[PDB]
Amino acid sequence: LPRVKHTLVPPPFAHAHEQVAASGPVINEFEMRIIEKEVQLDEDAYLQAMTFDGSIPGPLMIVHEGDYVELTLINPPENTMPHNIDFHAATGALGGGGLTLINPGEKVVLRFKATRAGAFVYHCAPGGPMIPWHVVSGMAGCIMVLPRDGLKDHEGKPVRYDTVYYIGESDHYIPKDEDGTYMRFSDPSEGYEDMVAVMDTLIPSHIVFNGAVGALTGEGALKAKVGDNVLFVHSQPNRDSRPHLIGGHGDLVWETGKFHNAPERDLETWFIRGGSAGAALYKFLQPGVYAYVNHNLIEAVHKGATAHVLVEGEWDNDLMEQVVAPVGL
């Protein structure tokens, strides 16, 4: 088999790829470096993060069904924790968790066959209580396994996207000092017991896209043009989400994320099961600002789960028109 090396791009973007496989099965080589660091979630709020390649989420990997994935995972010596990786895309050894546990200052190389098409979470899962703590510290990402013959719709005809954005949603449990302010810590372990108490309540303090409140707004706002077919791949490794495109729809949605399943059409809001990634296509019809949200609007607005899409193009009054502008009674 040919081998193909890849250079990962941080989310929400995607490394280069073909939808329809150019070749026969290949071996896909990726490398990631584990990075522990405090990140800023919001104006007043920080997280002792544990990341794949410095990002929340970890970067998107793309391959085709029946390729192999061979990943060099590196845990640099300044890190304080063992770490590993579980690919939900993979068969055996706890998704690879059982074969990839590395200490600060080790590497490991795992190969699995991508026997199943879909977008799949991958996350760290060291063992027992370390499993939820590491995930809720940001250590999760997504791999997308495209059918060899590109995407097909509900009746088997090819559909093609012009753009893919990877939206990684994550819940976090930032504990608070006696004064009601979020706590800062020097390292993750110092934060461990107080994070646990928050985690036990199952109420996230933040729920964010691409690692921070507003990360996908302002300078981070996603971009498209009328007529673009955009694929929105959305992961949530630990808790449910109900993605909605305000002003738009899901044209084709695989909310359970697996491309050989029939997608649903015309959805207003769909459902991402915690522990999973889903995918929705939408072809933009109208220019202007859109917002992509978790539709528990408390989660979208008070917790952080809002992204913006800026869309240029010609407006169509047939689809919508302000007939009479805001006027006195």
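Rigid core: the largest C-alpha set superposing within 1.5 Å between the two forms. Numbering starts at 1 and follows the sequence shown.
The stretch that moves more in 4 other deposited structures of this protein, judged by CA deviation after a rigid core superposition and choosing between 170-178 and 126-134, is 170-178. Superposing on the core and measuring CA offsets in 4 other deposited structures of this protein, the stretch of 180-188 and 110-118 with the greater mean deviation is 180-188. Look at the C-alpha B-factors of 231-239 and of 155-163. On average they run higher in 155-163. Between the stretches 197-205 and 73-81, it is 73-81 that shows the larger average CA temperature factor. As recorded in the PDB entry, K37 shows the highest C-alpha B-factor of the residues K37, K303, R265, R273.
When the C-alpha B factors of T115, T181, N210, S137 are read from the deposited coordinates, the top value falls at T181. Sort the chain's modelled residues by C-alpha temperature factor and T269 lands in the lowest third, per the entry. The deposited CA B-factor of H64 belongs to the middle third of values across its chain. When the CA B factors of the chain's modelled residues are split into thirds, the value for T256 lands in the lowest one. In the deposited entry, the Cα temperature factor of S186 sits in the top third of values across the chain's modelled residues. For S170, the recorded CA B-factor ranks within the lowest third of the chain. Only modelled residues enter the ranking.
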